[PDB]
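All remarks here apply to the structure that follows.
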Amino acid sequence: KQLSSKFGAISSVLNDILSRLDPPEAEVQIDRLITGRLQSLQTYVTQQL
Amino acid sequence: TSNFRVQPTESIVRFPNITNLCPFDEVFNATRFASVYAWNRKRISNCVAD
Amino acid sequence: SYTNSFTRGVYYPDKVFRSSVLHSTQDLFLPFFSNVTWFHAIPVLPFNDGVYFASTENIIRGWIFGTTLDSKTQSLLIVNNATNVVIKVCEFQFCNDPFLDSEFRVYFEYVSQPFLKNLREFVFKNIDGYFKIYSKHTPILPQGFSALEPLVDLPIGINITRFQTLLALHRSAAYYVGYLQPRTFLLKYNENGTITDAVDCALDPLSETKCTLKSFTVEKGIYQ
Amino acid sequence: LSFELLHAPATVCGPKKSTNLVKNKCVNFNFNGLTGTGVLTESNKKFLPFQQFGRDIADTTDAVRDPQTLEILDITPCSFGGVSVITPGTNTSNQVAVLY
Amino acid sequence: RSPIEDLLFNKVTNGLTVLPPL
Ligand SMILES: *[C@@H]1O[C@H](CO)[C@@H](O[C@@H]2O[C@H](CO)[C@@H](O)[C@H](O)[C@H]2NC(C)=O)[C@H](O)[C@H]1NC(C)=O
Ligand SMILES: *[C@@H]1O[C@H](CO)[C@@H](O)[C@H](O)[C@H]1NC(C)=O
Ligand SMILES: *[C@@H]1O[C@H](CO)[C@@H](O)[C@H](O)[C@H]1NC(C)=O
Ligand SMILES: *[C@@H]1O[C@H](CO)[C@@H](O)[C@H](O)[C@H]1NC(C)=O
């Protein structure tokens with residue numbers, strides 16, 4: 001369910017952000033998405049452990 | 001050791017039927033035209049701008 | 001007079017399909033057991049947000065929207081004549097008590113099938129410069145539950161502040177108006193994808209408990 | 001001709017280059033702005049006639065409806081998954097076995 | 001399957017693969 005989370009970005013689709021915004025802002029939006037999803041994955045790994 | 005996924009082959013783009021055209025086919029191809037002092041500006045919206 | 005909307009006023013918030021999964025959405029909605037006004041006429045109503053319209057029947061006709069009802073801002077003029085729907089977005093010289101015969105004594109073209117003991121349920125949302133219409137007709141405010149599906153969307157992008165109602169007079173009357181409020185529900189779909197039952201999320205502690213566990217059956221115990 | 005901005009959302013523009021159809025193949029698509037990659041398969045669901053696509057419990061696009069016809073096409077992801085190597089020690093031999 | 005085992009067995013209901021048990 002965390003894949004459909006905006007995480008403070010414009011949208012939650014990788015193809016939507018890259019083909020609509022300029023790369024200087026796309027870099028920041030994608031970086032925010034990656035750090036949010038990585039935090040979610042780390043939380044799930046700790047819970048599983 | 002790695003991840004195995006199959007690559008996509010070709011791309012398809014889908015969109016609805018191209019209908020509800022503008023009167024561009026008659027504003028360029030009309031019977032007559034208005035003069036330069038009393039020209040007829042026509043509203044263009046809600047049609048396919050092909 | 002006044003009456004209470006028992007459980008009606010629920011519509012599909014999006015154009016997605018779900019199969020027997022309990023889902024929660026937050027859009028401009030009509031609260032359950034609210035205070036819906038039973039307006040009667042043989043008027044000027046404010047439009048703070050979307051409104052819930054319902055009537056029974058053929059003298060009831062179309063609707064008039066707008067900000068001021070003047071000759072300076074565009075006003076929606078939706079009318080029916082038992083065979084077609086007409087939408088006009090312009091400025092007109094509106095009068096205090098408008099009606100139809102067909103002489104036009106009341107003062108972006110879309111023509112489609114007309115909407116018209118049966119009960120009809122209409123809601124008129126306005127968000128992000130759009131204008132969405134939802135319609136449903138049911139036979140037998142009488143109790144019961146049903147869905148409410150969109151049929152047409154109108155991209156206009158104007159501010160709407162006022163709401164009216166048109167009538168037809170023969171020469172030779174009772175409609176309910178509710179107000180939408182921002183809150184969430186929890187919707188249960190089924191196999192065929194239509195809405196079967198809905199529950200409010202902030203109406204009652206049991207309803208809020210149903211909202212926070214995403215189920216209709218609450219087992220015995222204490223929940224936060 | 002003179003163009004105008006900032007009055008309404010866009011409501012007039014030309015063709016969008018509709019393409020053909022493929023079935024039973026891992027291809028990428030763009031259906032009414034809904035991007036995704038999967039295998040296009042004939043469906044047996046029954047959509048209501050106002051809904052563009054559909055989701056599931058996992059909140060993923062699994063059923064989509066093409067705007068040309070009234071039929072609906074299921075979306076399932078194509079073949080993916082990790083690969084593992086079965087081998088004895090290199091002091092023993094160099095024979096290997098591949099698992100998918 | 002023993003009847004006790006059958007009674008026990010009948011009372012229990014992207015990028016995320018599930019490895020089967022050994
Ligand atoms: C877009 O145009 C196509 C082409 O005509 C339409 O496809 C037709 O669909 C009907 C529906 O049963 C078939 O009987 C016809 O045989 C189809 N045409 C062809 C050439 O095969 C399609 O319905 C149109 N879509 C919209 C939304 O208008
Ligand atoms: C609805 O509002 C009217 C107006 O004050 C009030 O008399 C009535 O009691 C209200 N309805 C309920 C159920 O309280
Ligand atoms: C209803 O209104 C439409 C649009 O004004 C018109 O074309 C149609 O003829 C009308 N029908 C009748 C029965 O007057
Ligand atoms: C779904 O539609 C089928 C079609 O006949 C019908 O048999 C079934 O009762 C419907 N189910 C619901 C929940 O509406």
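Numbering starts fresh at 1 for the residues of each chain in the structure tokens, the chains themselves are lettered A, B, ... in the order given, and ligands are numbered from 1 as they appear.
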
Give me the residues of chain D that have any atom at most 12 Å from an atom of chain C; for each, the nearest atom pair and the distance in Å, rounded to one decimal. Use only C-alpha atoms, sort by chain and number, and format it as a Markdown table.
```
| residue | atom | partner | partner_atom | distance |
| --- | --- | --- | --- | --- |
| D:6 | CA | C:157 | CA | 10.0 |
| D:7 | CA | C:157 | CA | 7.4 |
| D:8 | CA | C:157 | CA | 5.4 |
| D:9 | CA | C:155 | CA | 6.8 |
| D:10 | CA | C:155 | CA | 8.7 |
| D:11 | CA | C:155 | CA | 7.9 |
| D:12 | CA | C:155 | CA | 11.6 |
| D:34 | CA | C:16 | CA | 11.9 |
| D:44 | CA | C:192 | CA | 11.4 |
| D:45 | CA | C:192 | CA | 8.0 |
| D:46 | CA | C:192 | CA | 6.4 |
| D:47 | CA | C:17 | CA | 7.1 |
| D:48 | CA | C:193 | CA | 7.2 |
| D:49 | CA | C:151 | CA | 9.6 |
| D:50 | CA | C:15 | CA | 6.7 |
| D:51 | CA | C:15 | CA | 4.4 |
| D:52 | CA | C:15 | CA | 5.9 |
| D:53 | CA | C:16 | CA | 5.3 |
| D:54 | CA | C:17 | CA | 3.9 |
| D:55 | CA | C:18 | CA | 5.8 |
| D:56 | CA | C:18 | CA | 6.0 |
| D:57 | CA | C:21 | CA | 6.3 |
| D:58 | CA | C:21 | CA | 10.0 |
| D:59 | CA | C:18 | CA | 9.5 |
| D:60 | CA | C:18 | CA | 10.7 |
| D:61 | CA | C:16 | CA | 9.5 |
| D:62 | CA | C:17 | CA | 9.9 |
| D:63 | CA | C:17 | CA | 8.2 |
| D:64 | CA | C:17 | CA | 9.3 |
| D:65 | CA | C:17 | CA | 10.6 |
| D:72 | CA | C:17 | CA | 11.5 |
```

Please, could you write that set of residues out with N, CA and C atoms as a compact mmCIF listing (two decimals), in the first residue's frame?
```txt
# COMPACT_ATOMS: atom_id res chain seq x y z
N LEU D 6 -5.37 30.89 -19.59
CA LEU D 6 -5.86 31.15 -18.23
C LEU D 6 -7.32 31.61 -18.24
N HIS D 7 -8.19 30.76 -18.78
CA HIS D 7 -9.62 31.01 -18.74
C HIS D 7 -10.37 29.78 -18.23
N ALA D 8 -9.84 28.60 -18.53
CA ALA D 8 -10.50 27.34 -18.25
C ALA D 8 -9.48 26.22 -18.43
N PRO D 9 -9.78 25.01 -17.94
CA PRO D 9 -8.98 23.85 -18.35
C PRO D 9 -9.10 23.59 -19.85
N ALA D 10 -8.06 22.96 -20.40
CA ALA D 10 -7.96 22.76 -21.84
C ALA D 10 -9.09 21.88 -22.36
N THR D 11 -9.72 22.32 -23.45
CA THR D 11 -10.86 21.60 -23.99
C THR D 11 -10.84 21.44 -25.50
N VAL D 12 -9.77 21.85 -26.19
CA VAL D 12 -9.67 21.69 -27.64
C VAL D 12 -8.21 21.47 -28.03
N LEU D 34 -3.13 6.58 -18.00
CA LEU D 34 -2.73 5.59 -17.00
C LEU D 34 -1.60 4.75 -17.59
N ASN D 44 -13.02 -11.14 -17.79
CA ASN D 44 -14.37 -11.65 -17.58
C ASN D 44 -15.14 -10.86 -16.52
N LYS D 45 -14.65 -9.68 -16.14
CA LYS D 45 -15.36 -8.84 -15.19
C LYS D 45 -16.50 -8.11 -15.88
N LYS D 46 -17.27 -7.35 -15.10
CA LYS D 46 -18.43 -6.62 -15.61
C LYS D 46 -18.36 -5.20 -15.07
N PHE D 47 -17.74 -4.31 -15.84
CA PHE D 47 -17.63 -2.91 -15.45
C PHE D 47 -18.97 -2.21 -15.55
N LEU D 48 -19.17 -1.21 -14.69
CA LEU D 48 -20.25 -0.26 -14.90
C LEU D 48 -19.86 0.70 -16.03
N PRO D 49 -20.82 1.13 -16.85
CA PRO D 49 -20.45 1.90 -18.05
C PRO D 49 -20.16 3.37 -17.80
N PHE D 50 -19.39 3.68 -16.75
CA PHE D 50 -18.86 5.02 -16.57
C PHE D 50 -17.46 5.01 -15.96
N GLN D 51 -16.87 3.84 -15.76
CA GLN D 51 -15.61 3.70 -15.03
C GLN D 51 -14.48 3.38 -15.99
N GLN D 52 -13.41 4.16 -15.92
CA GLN D 52 -12.32 4.03 -16.88
C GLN D 52 -11.49 2.78 -16.64
N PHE D 53 -11.14 2.50 -15.38
CA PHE D 53 -10.28 1.37 -15.06
C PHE D 53 -10.67 0.85 -13.68
N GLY D 54 -9.84 -0.04 -13.14
CA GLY D 54 -10.14 -0.64 -11.85
C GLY D 54 -8.89 -1.02 -11.09
N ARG D 55 -9.07 -1.21 -9.78
CA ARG D 55 -7.99 -1.61 -8.89
C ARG D 55 -8.38 -2.86 -8.12
N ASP D 56 -7.60 -3.21 -7.10
CA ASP D 56 -7.85 -4.39 -6.29
C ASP D 56 -7.59 -4.04 -4.83
N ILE D 57 -7.47 -5.07 -3.99
CA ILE D 57 -7.19 -4.87 -2.57
C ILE D 57 -5.80 -4.27 -2.39
N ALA D 58 -4.84 -4.68 -3.22
CA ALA D 58 -3.46 -4.22 -3.12
C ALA D 58 -3.24 -2.84 -3.72
N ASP D 59 -4.30 -2.17 -4.19
CA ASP D 59 -4.24 -0.82 -4.75
C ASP D 59 -3.30 -0.74 -5.95
N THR D 60 -3.50 -1.64 -6.91
CA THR D 60 -2.74 -1.65 -8.15
C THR D 60 -3.69 -1.80 -9.32
N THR D 61 -3.32 -1.20 -10.45
CA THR D 61 -4.15 -1.21 -11.65
C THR D 61 -4.08 -2.59 -12.29
N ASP D 62 -5.16 -3.36 -12.18
CA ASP D 62 -5.22 -4.70 -12.74
C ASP D 62 -6.25 -4.85 -13.85
N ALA D 63 -7.22 -3.94 -13.95
CA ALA D 63 -8.23 -3.99 -15.00
C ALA D 63 -8.36 -2.62 -15.62
N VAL D 64 -8.23 -2.55 -16.95
CA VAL D 64 -8.29 -1.30 -17.68
C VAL D 64 -9.20 -1.49 -18.89
N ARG D 65 -9.84 -0.40 -19.30
CA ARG D 65 -10.80 -0.40 -20.40
C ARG D 65 -10.31 0.55 -21.48
N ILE D 72 -13.05 -4.87 -21.85
CA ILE D 72 -12.13 -4.57 -20.76
C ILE D 72 -10.96 -5.54 -20.82
```

Hey, list the chain E side of the contact with chain D: 12 Å cut-off, only C-alpha atoms, answer as a ChimeraX atom specification. /E:14-19

May I have the residues within 8 Å of residue 1 (chain B) as an mmCIF file with C-alpha atoms, in the first residue's frame, using only C-alpha atoms and disregarding those fewer than 3 positions away in the same chain?
```cif
data_model
loop_
_atom_site.group_PDB
_atom_site.id
_atom_site.type_symbol
_atom_site.label_atom_id
_atom_site.label_comp_id
_atom_site.auth_asym_id
_atom_site.auth_seq_id
_atom_site.Cartn_x
_atom_site.Cartn_y
_atom_site.Cartn_z
ATOM 1 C CA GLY D 82 15.139 -13.597 -8.589
ATOM 2 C CA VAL D 83 17.703 -16.067 -9.878
ATOM 3 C CA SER D 84 19.785 -18.356 -7.671
ATOM 4 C CA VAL D 85 22.828 -20.470 -8.507
#
```

Need to verify the contact set: residue 34 (chain C), 12 Å, only C-alpha atoms, exclusion of same-chain residues closer than 6 positions in sequence. Can you return it as a PyMOL selection string? chain C and resi 2-9+52+177-181+200+203

I need the residues in chain A that are helix (DSSP H, G or I) according to DSSP; give them as a PyMOL selection string. chain A and resi 2-4+14-18+23-48

Selected residues written out, N, CA and C atoms, as a CSV table (one decimal), in the first residue's frame:
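Saved the output as selection.csv:
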```
chain,number,residue,atom,x,y,z
A,2,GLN,N,2.1,1.2,0.4
A,2,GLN,CA,3.0,2.4,0.4
A,2,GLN,C,3.4,2.9,-1.0
A,3,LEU,N,3.1,2.1,-2.0
A,3,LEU,CA,3.5,2.5,-3.4
A,3,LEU,C,2.6,3.6,-3.9
A,4,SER,N,1.4,3.7,-3.4
A,4,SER,CA,0.4,4.8,-3.8
A,4,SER,C,0.4,5.9,-2.8
A,14,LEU,N,6.4,7.0,-11.2
A,14,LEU,CA,7.7,7.4,-11.7
A,14,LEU,C,7.7,7.9,-13.1
A,15,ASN,N,6.8,7.4,-13.9
A,15,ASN,CA,6.7,7.8,-15.3
A,15,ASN,C,6.0,9.2,-15.4
A,16,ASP,N,5.1,9.5,-14.5
A,16,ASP,CA,4.4,10.8,-14.5
A,16,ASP,C,5.3,12.0,-14.2
A,17,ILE,N,6.2,11.8,-13.2
A,17,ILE,CA,7.0,12.9,-12.8
A,17,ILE,C,8.1,13.2,-13.8
A,18,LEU,N,8.7,12.1,-14.4
A,18,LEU,CA,9.8,12.3,-15.3
A,18,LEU,C,9.4,12.9,-16.7
A,23,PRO,N,14.0,18.4,-15.2
A,23,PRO,CA,14.9,17.5,-14.5
A,23,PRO,C,15.5,18.1,-13.2
A,24,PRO,N,15.7,19.5,-13.1
A,24,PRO,CA,16.1,20.0,-11.8
A,24,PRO,C,15.1,19.8,-10.7
A,25,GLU,N,13.8,19.9,-11.0
A,25,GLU,CA,12.8,19.6,-9.9
A,25,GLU,C,12.4,18.2,-9.9
A,26,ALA,N,12.6,17.4,-11.0
A,26,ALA,CA,12.4,16.0,-11.0
A,26,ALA,C,13.4,15.3,-10.1
A,27,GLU,N,14.6,15.8,-10.1
A,27,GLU,CA,15.6,15.2,-9.2
A,27,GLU,C,15.2,15.3,-7.7
A,28,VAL,N,14.7,16.4,-7.3
A,28,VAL,CA,14.3,16.6,-5.9
A,28,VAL,C,13.0,15.7,-5.6
A,29,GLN,N,12.1,15.7,-6.5
A,29,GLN,CA,10.9,14.9,-6.3
A,29,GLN,C,11.2,13.4,-6.3
A,30,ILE,N,12.0,12.9,-7.2
A,30,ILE,CA,12.4,11.5,-7.2
A,30,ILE,C,13.2,11.2,-5.9
A,31,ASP,N,14.1,12.1,-5.5
A,31,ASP,CA,14.9,11.8,-4.3
A,31,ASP,C,14.0,11.7,-3.1
A,32,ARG,N,13.0,12.6,-3.0
A,32,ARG,CA,12.0,12.5,-1.9
A,32,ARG,C,11.2,11.2,-1.9
A,33,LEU,N,10.8,10.7,-3.1
A,33,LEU,CA,10.1,9.5,-3.3
A,33,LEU,C,11.0,8.3,-2.9
A,34,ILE,N,12.3,8.3,-3.3
A,34,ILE,CA,13.2,7.2,-3.0
A,34,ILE,C,13.5,7.2,-1.5
A,35,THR,N,13.7,8.3,-0.8
A,35,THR,CA,14.0,8.2,0.6
A,35,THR,C,12.8,7.8,1.4
A,36,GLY,N,11.6,8.2,1.0
A,36,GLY,CA,10.3,7.7,1.6
A,36,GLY,C,10.2,6.2,1.5
A,37,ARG,N,10.3,5.7,0.3
A,37,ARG,CA,10.2,4.3,0.1
A,37,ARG,C,11.2,3.4,0.7
A,38,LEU,N,12.5,4.0,0.8
A,38,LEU,CA,13.5,3.3,1.5
A,38,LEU,C,13.3,3.2,3.0
A,39,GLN,N,12.8,4.3,3.6
A,39,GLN,CA,12.4,4.3,5.0
A,39,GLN,C,11.3,3.3,5.3
A,40,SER,N,10.3,3.2,4.3
A,40,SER,CA,9.3,2.2,4.5
A,40,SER,C,9.8,0.8,4.4
A,41,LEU,N,10.7,0.5,3.5
A,41,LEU,CA,11.3,-0.8,3.4
A,41,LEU,C,12.2,-1.1,4.6
A,42,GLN,N,12.9,-0.2,5.2
A,42,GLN,CA,13.7,-0.4,6.4
A,42,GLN,C,12.8,-0.7,7.6
A,43,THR,N,11.6,0.0,7.7
A,43,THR,CA,10.7,-0.2,8.8
A,43,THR,C,10.1,-1.6,8.6
A,44,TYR,N,9.8,-2.1,7.4
A,44,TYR,CA,9.2,-3.4,7.2
A,44,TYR,C,10.3,-4.5,7.6
A,45,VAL,N,11.5,-4.2,7.2
A,45,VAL,CA,12.6,-5.2,7.5
A,45,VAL,C,12.8,-5.3,9.0
A,46,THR,N,12.8,-4.2,9.7
A,46,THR,CA,12.9,-4.3,11.2
A,46,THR,C,11.8,-5.0,11.8
A,47,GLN,N,10.5,-4.7,11.3
A,47,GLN,CA,9.4,-5.4,11.9
A,47,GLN,C,9.5,-6.9,11.6
A,48,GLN,N,9.9,-7.3,10.4
A,48,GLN,CA,10.0,-8.7,10.1
A,48,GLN,C,11.1,-9.4,10.9
```

Only residues of chain D matter here; which ones have an atom within 10 Å of chain B, counting only C-alpha atoms? Give them as a PyMOL selection string. chain D and resi 1+10-22+25-35+37-39+66-69+78-85+100

Would you please extract all strand (DSSP E) residues from region 12-219 of chain C, as assigned by DSSP on the backbone, and give them as a ChimeraX atom specification? /C:22-29,34-40,45-46,51-56,60-66,75-80,85-90,118-125,132-139,149-153,162-167,174-179,181-188,197-200

List as a PyMOL selection string the protein and nucleic acid residues lying within 10 Å of ligand 3, with only C-alpha atoms and all ligand atoms counted. chain C and resi 79-87+102+109-112+114

For the residues in the current selection, export N, CA and C atoms as a PDB file, in the first residue's frame.
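Final file, result.pdb:
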```
ATOM      1  N   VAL C  79     -31.740  23.345 -18.526  1.00  0.00           N
ATOM      2  CA  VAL C  79     -33.179  23.174 -18.682  1.00  0.00           C
ATOM      3  C   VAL C  79     -33.460  21.857 -19.392  1.00  0.00           C
ATOM      4  N   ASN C  80     -34.685  21.361 -19.222  1.00  0.00           N
ATOM      5  CA  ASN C  80     -35.165  20.154 -19.881  1.00  0.00           C
ATOM      6  C   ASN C  80     -36.474  20.460 -20.591  1.00  0.00           C
ATOM      7  N   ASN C  81     -36.719  19.788 -21.715  1.00  0.00           N
ATOM      8  CA  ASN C  81     -38.023  19.857 -22.367  1.00  0.00           C
ATOM      9  C   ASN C  81     -38.539  18.479 -22.773  1.00  0.00           C
ATOM     10  N   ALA C  82     -38.334  17.475 -21.919  1.00  0.00           N
ATOM     11  CA  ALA C  82     -38.789  16.083 -22.005  1.00  0.00           C
ATOM     12  C   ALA C  82     -38.143  15.304 -23.149  1.00  0.00           C
ATOM     13  N   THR C  83     -37.300  15.925 -23.973  1.00  0.00           N
ATOM     14  CA  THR C  83     -36.577  15.212 -25.018  1.00  0.00           C
ATOM     15  C   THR C  83     -35.100  15.569 -25.110  1.00  0.00           C
ATOM     16  N   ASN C  84     -34.665  16.705 -24.564  1.00  0.00           N
ATOM     17  CA  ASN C  84     -33.281  17.132 -24.692  1.00  0.00           C
ATOM     18  C   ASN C  84     -32.872  17.905 -23.446  1.00  0.00           C
ATOM     19  N   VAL C  85     -31.562  17.967 -23.220  1.00  0.00           N
ATOM     20  CA  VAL C  85     -30.965  18.772 -22.161  1.00  0.00           C
ATOM     21  C   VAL C  85     -30.205  19.913 -22.819  1.00  0.00           C
ATOM     22  N   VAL C  86     -30.424  21.133 -22.339  1.00  0.00           N
ATOM     23  CA  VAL C  86     -29.777  22.321 -22.884  1.00  0.00           C
ATOM     24  C   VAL C  86     -28.957  22.976 -21.782  1.00  0.00           C
ATOM     25  N   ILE C  87     -27.692  23.259 -22.079  1.00  0.00           N
ATOM     26  CA  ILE C  87     -26.798  23.975 -21.175  1.00  0.00           C
ATOM     27  C   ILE C  87     -26.339  25.238 -21.888  1.00  0.00           C
ATOM     28  N   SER C 102     -43.246  27.429 -26.019  1.00  0.00           N
ATOM     29  CA  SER C 102     -42.754  27.695 -24.672  1.00  0.00           C
ATOM     30  C   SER C 102     -42.028  29.033 -24.610  1.00  0.00           C
ATOM     31  N   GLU C 109     -22.481  24.297 -25.590  1.00  0.00           N
ATOM     32  CA  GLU C 109     -23.767  23.664 -25.846  1.00  0.00           C
ATOM     33  C   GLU C 109     -23.609  22.154 -25.757  1.00  0.00           C
ATOM     34  N   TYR C 110     -24.439  21.522 -24.930  1.00  0.00           N
ATOM     35  CA  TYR C 110     -24.374  20.082 -24.704  1.00  0.00           C
ATOM     36  C   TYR C 110     -25.792  19.537 -24.710  1.00  0.00           C
ATOM     37  N   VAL C 111     -26.087  18.645 -25.651  1.00  0.00           N
ATOM     38  CA  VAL C 111     -27.416  18.066 -25.807  1.00  0.00           C
ATOM     39  C   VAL C 111     -27.306  16.559 -25.625  1.00  0.00           C
ATOM     40  N   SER C 112     -28.137  16.004 -24.744  1.00  0.00           N
ATOM     41  CA  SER C 112     -28.095  14.577 -24.453  1.00  0.00           C
ATOM     42  C   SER C 112     -29.478  14.122 -23.993  1.00  0.00           C
ATOM     43  N   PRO C 114     -32.591  13.308 -21.670  1.00  0.00           N
ATOM     44  CA  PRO C 114     -33.096  13.943 -20.447  1.00  0.00           C
ATOM     45  C   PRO C 114     -33.097  12.993 -19.261  1.00  0.00           C
TER      46      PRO C 114
END
```

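Going from CA of residue 19 (chain A) over to atom 25 (N, counted along the ligand's line) of ligand 1, you cover 27.9 Å.
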
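Between CA of residue 145 (chain C) and CA of residue 208 (chain C) the interatomic distance comes to 20.2 Å.
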
Contacts of residue 198 (chain C) within 7 Å, only C-alpha atoms, excl. fewer than 6 positions in-chain, as a VMD selection string: chain C and resid 186 to 188

Could you work out how far CA of residue 35 (chain C) lies from atom 14 (O, counted along the ligand's line) of ligand 2, giving the answer in Å with one decimal? 6.8 Å

Option closest in space to chain A, from D:2, D:76, D:91, D:36 [counting only C-alpha atoms]: D:36
